[PDB]
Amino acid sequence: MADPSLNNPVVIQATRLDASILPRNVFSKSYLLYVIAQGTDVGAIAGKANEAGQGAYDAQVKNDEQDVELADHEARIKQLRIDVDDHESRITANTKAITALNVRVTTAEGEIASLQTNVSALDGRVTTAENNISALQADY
């Protein structure tokens, strides 16, 4: 998790050099300019170090929130896997059930046709029988 110490800037405990206080007769000129320039530059690098700290810190907070989002996505994916596999099972079951039901209805129609033929035949024979009855009754 993001490290808050990166949010603490360094405050410069030194005071911006006054060019009155440097030793007069002991230093060369070039070295004087060197000390002053080094002071200013120390200030600047301090600033850069602080800003860098803040950049890395923000990178870390972003990484943390993205870690939460990644875990969430992972979980969602896993739930979705359970659901999809269950769905696979139930789909297969439904397809097989449809096919089996189809062979059953096929057999049913097969029986229906024969029943139709039989009922027609019985109808004809019954008609002939009725005619014979009427004929036998016609005489006495």
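Residue numbers run from 1 along the displayed sequence.
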Assert higher mean C-alpha B factor (74-82 or 92-100, deposited values) equals 92-100
Quick check: 25-33 versus 43-51, which has the larger average CA B-factor in the record?
25-33
One of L17, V126, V119, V10 has the largest Cα B-factor in the entry, namely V119
Hey, out of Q66, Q60, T107, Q38, whose CA B-factor is highest in the deposited coordinates?
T107
Would the CA B-factor of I112 place it in the lowest, middle or highest third of its chain?
middle
